[PDB]
Each structure stands twice: as structure tokens, then as C-alpha cells.
């Protein structure tokens, strides 16, 4: 029943500012103190900011002190986190977090009282421009087939920032699909691959198309994957 839904993430300007919004549902927001927690790539959870039930008192983690503003609108069922003078150290996933007990019992910095977490929103602090991927087919091959099963796929090259989603045959093909986590190249651009294992007998008759979506660059590519040529 309780849901915390964060928005406002994505690519952000170094030295600039961001505004994250947590839309709370399935409970009366005004009965709770609230907090924000973040996680930098390859790091642990870090407490960011907290606010009392009516916004009377706010508190901030040392890493954001003097650059952050937590606010809430009980009427709209939202908690907002503004952060300015953005730095590389601010890149990570930001979560909205709800204490288990009411505002009389659990205060905003009581990180041991959390019962509900938001899905989280990704923040990337970088001046690098968005770049859509180049999508190439990975043709099924004879000296690369295994007993009536063949592997074919799509190479999603040189995009920025994450994420990319890949489906096969417009979502109709799910079994045997394996989309690999991206590599971050020395260039600062990502690349990933998605492979599908299909019956070898189907290669001459069944069309295979990978649907690659890169929402950051407003690009979608549907690449037909045909036997080698």
C-alpha cells in the first residue's frame, strides 16, 4: 500500500542545481517525518537530509550541508530535495525513505526507523553531452551455433548516459534473452550487448529485431538481425 515515487533525476550540470520530488501515497504524509538517502556508484547508503512533519525542523548530512534544501507539501503529498553547487561526489541513486513510526516517535535523522524505501532516482553530475547509441547487429553464425540453438544479438555502442533498454521483436520474444550490463569505456561512453538464443531451424524463416531505447537522447532503434553477410 505505501509507495514512495522519486522523480527529477538524470544528467545534471556540475556546479549547477537539481530538484528531486518524492510523491508519497498509501499513507497520510503529514503524520510522518521524512528523509532522503543516497548511494554513490560502488558505495554504501549515505543519509542526505530530513524534515519534521510540518517542515518546522530540517537537517542535512555533512556532504551536502550548505548546498541542500529539504521541503515538503503535505497537501500535495510530496517531499522535495534541492541540491546546488553540484559536484561529481553527488552522482548516485537518491531514495525517499519513510520512518515506520509517526512524527511523535521517529524523528527525521533516526536512520534505524526506516520501513519504506522509494524505487530511487539516478543522478549523474557531468558536463558531457547526451549521445544516442550506434546499434549494430550480431549475426547468428554456423561455427558459433550449438546443436540446434543459435545465438544472435545486438551491440549498443557508445551512448551516454545510462540507461538503455533492449527488447526483442517488440517485447514478444522474452525466453532466452540475455542483456548484459554495460561497460564504461575510457572515452566516457557506455556500450552493452543483448543476445537471444533461438532454434537454429528458425534462422531462414523467423525475423529477429532488437528494439533499443535510449530515453536520455530521445532515440529508439529497431535493428533487424539477419544471418551473416
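Residue numbers count along the first chain shown, from 1.
K.L.:
Compare the mean C-alpha B-factor of 63 to 71 with that of 188 to 196 as given in the PDB entry, and name the stretch with the higher value.
P.N.:
The entry gives the higher C-alpha B-factor average to 63 to 71.
K.L.:
For the C-alpha atoms alone, is the average B factor greater in 105 to 113 or in 141 to 149, going by the entry?
P.N.:
Taking the mean B-factor of the alpha carbons in each, 141 to 149 is higher.
K.L.:
Name the residue from 161, 42, 181, 50 with the greatest C-alpha temperature factor listed in the entry.
P.N.:
When the deposited C-alpha B-factors of 161, 42, 181, 50 are compared, 42 is largest.
K.L.:
Between 25, 19, 12, 219, which carries the biggest CA temperature factor in the record?
P.N.:
That would be 25, according to the entry.
K.L.:
By the recorded C-alpha temperature factor, relative to the other modelled residues in its chain, which third is residue 88 in?
P.N.:
It belongs to the highest third of the chain when residues are ordered by C-alpha B-factor.
K.L.:
Which third of the chain holds residue 100 when residues are ordered by C-alpha B factor: lowest, middle or highest?
P.N.:
CA B-factor rank for residue 100: highest third.
K.L.:
Using the temperature factors of the C-alpha atoms in this entry, rank residue 175 within its chain: lowest, middle or highest third.
P.N.:
For residue 175, the deposited C-alpha B-factor lands in the middle third.
K.L.:
Based on the entry's values, in what third of the chain does the Cα temperature factor of residue 130 lie: lowest, middle or highest?
P.N.:
Middle third of the chain for residue 130's C-alpha B-factor.
K.L.:
Taking the entry's C-alpha B-factors for this chain, is residue 33 in the lowest, middle or highest third?
P.N.:
Middle third by C-alpha B-factor.
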